[PDB]
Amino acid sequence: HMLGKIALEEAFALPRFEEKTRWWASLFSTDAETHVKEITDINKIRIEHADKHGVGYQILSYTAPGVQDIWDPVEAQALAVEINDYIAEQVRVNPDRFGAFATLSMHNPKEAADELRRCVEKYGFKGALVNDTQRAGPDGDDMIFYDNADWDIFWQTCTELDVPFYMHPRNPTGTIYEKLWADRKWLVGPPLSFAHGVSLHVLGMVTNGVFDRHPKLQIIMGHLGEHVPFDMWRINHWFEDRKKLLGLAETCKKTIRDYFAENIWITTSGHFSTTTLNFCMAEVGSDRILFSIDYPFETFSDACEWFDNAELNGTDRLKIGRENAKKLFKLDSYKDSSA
């Protein structure tokens, strides 16, 4: 019933990466042929789906693992630039229906800062979406986290442009994959490993003071917060009543609840559960929750039939469905934006 919804965990892939798309689809799709067409399509099938399910605006982003899988910094940077140029041309076809997040190589803070700036200033991109850590090292076995002082120049750019950063998952790779996941591989992705990566990274940003140095910074997590709201009580207790008396306070000046009120957002991507949504409204607050889908790994029908029909007060259905995002991303009018 609700129209003008905004979705913002919505992936695309370059047409020239069909092999990579099919490999990823072999893990996460039950219809590879349909998946290939849907993840590459922008302006036809995606619009048909959105027209049928009351989605007015979609903020598109590059599929995982995307650029974060690329450990050669020169190749990674060139791919990020290529993807951003590509999607900017695609969204120009229907700008009243689509915006985009920047795709970044995260090998170098200044390089990523400059490319984010290019995307926002040249193309009007709405923020950045990065698939967790950047693979690095001679054969990609290292990983680059962004929760340290080397990345201050990048987070300062996010706050200067006043745009959010969506911390999306990626698959485990290298030694981590071999040690923890190969022998229980069906847990890779949405069932468990994705959330383990994102929650580690975002709570690393918390405990390493990123939101203290950059109190304006907005970080978004999918999948109703990648487990974190479930342990809001336990994290807060073990911070305020334990670790904050042992040294954590030196690099973490506020409570986990403060950071969720001031800095962190969660979306409903891939987690179409009213019971869990209700629990998140208590632990995080409806003001900090955004509707999203996770297309094409999830269907518009599943996400939108769920949300349109969920038992929910009308105030929060409007906020989660579009008004929260309209404010956060400073959106102009779009289809059914005031319907």
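In this text, residue numbers run from 1 along the sequence as written.
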Would you tell me which stretch averages the higher CA B-factor in the PDB entry, 230 to 238 or 133 to 141? 133 to 141
Entry B factor averaged over C-alpha atoms, 263 to 271 against 67 to 75: higher for 67 to 75
Top residue by Cα temperature factor, when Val284, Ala310, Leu60, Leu290 are compared in the entry: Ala310
For the C-alpha B-factor as written in the entry, point me to the maximum among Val120, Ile220, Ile176, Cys158. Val120
How does the C-alpha B factor of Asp152 compare with the rest of the chain: lowest, middle or highest third? middle
Among the modelled residues of its chain, the C-alpha B-factor of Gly99 falls in the third labelled highest
Looking at the temperature factor on the CA atom of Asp294, which third of the chain's modelled residues does it land in? lowest
Using only modelled residues of the chain, where does the Cα B factor of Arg170 rank: lowest third, middle third or highest third? lowest
B-factor third for the C-alpha atom of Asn208 within its chain: lowest
